[PDB]
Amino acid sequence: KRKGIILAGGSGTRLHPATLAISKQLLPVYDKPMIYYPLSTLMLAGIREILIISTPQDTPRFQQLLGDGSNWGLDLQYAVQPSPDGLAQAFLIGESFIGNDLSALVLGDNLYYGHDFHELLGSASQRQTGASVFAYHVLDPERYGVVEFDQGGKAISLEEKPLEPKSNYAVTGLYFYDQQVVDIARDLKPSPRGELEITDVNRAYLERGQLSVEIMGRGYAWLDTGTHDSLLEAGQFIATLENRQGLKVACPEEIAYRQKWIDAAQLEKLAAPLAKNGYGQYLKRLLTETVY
């Protein structure tokens, strides 16, 4: 039984002034609010019960957008992070939400895509012990937590935004944890940067030999909407896929309906209000087309 968390706060600065207008996680990536992406990521890892964290000012807005999740077969809840003091805070704010369950954390501005993605998630959701994260080759490792491998391919060290990255593998923003995480996070101290760093959390598991690091191959897409350029590219990336396939990426209604969290009647009923536009039309069409 795994609970999930979407960390969808932050200040947004790289994007000023676009995001003085709205939290980054409410902006669209092509055709739908950014947060739908990571939401669909948890959903495809089979997690139905999820906690959305954001700023004090934006939390109501996410609530207004997503409601309690029942319409999608989900159980959504909300909490505020008073200040963007680090990804690890997720576990402190989310302590009572998690209780004694397995958990998973995804960053609100991270967008995943690829064939068999859901089998990659599945394998991590199902380890009931230790922690799991994913390594992805990128151009600018210095912008992330970087993971170093020995010649045998084993992970041996982790560094957060190193001036001299030891490899080009970044740890992406998707993390699976067992019941140690809360206590690990309680005992962290701010880093030099002054954050409670998820990298320290991951280092703790590593130092116990309990961190599993799976490679996410060049074949998947792992984009982040951190900068005006990357936001734009992810936008074009999605549009290209959607207009070629006639299938839509990270549309929660669809995923719900394919996982059987809602039935045909429910989907029909999600469609109606949205029927005048292409999104609703797409939802309806799913009721009459078999998609492998």
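Rigid core (definition): largest C-alpha set, two forms, superposition within 1.5 Å. When you see a residue number, it is the position in the sequence shown, counting from 1.
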Comparing 81-89 to 186-194 by root mean square Cα deviation from the shown form in 8 other deposited structures of this protein, core aligned, the larger deviation is found at 186-194
Taking only the CA atoms, which stretch has the higher mean B-factor in the record, 48-56 or 262-270? 262-270
Given 187-195 and 83-91, the range whose Cα B-factors average higher in the PDB entry: 187-195
Scanning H228, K32, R61, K248 for peak Cα temperature factor in the entry gives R61
Return the residue from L121, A155, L107, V181 that has the highest Cα B-factor in the entry. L121
Could you look up the Cα B-factor of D224 in the entry and say which third of the chain it sits in: lowest, middle or highest? highest
Splitting the chain's C-alpha B-factors into thirds, which one does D75 fall into? middle
Lowest, middle or highest third - CA B-factor, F134: lowest
Just say lowest, middle or highest third for the CA B-factor of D200 relative to the other modelled residues in its chain. lowest
Looking at the temperature factor on the CA atom of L206, which third of the chain's modelled residues does it land in? lowest
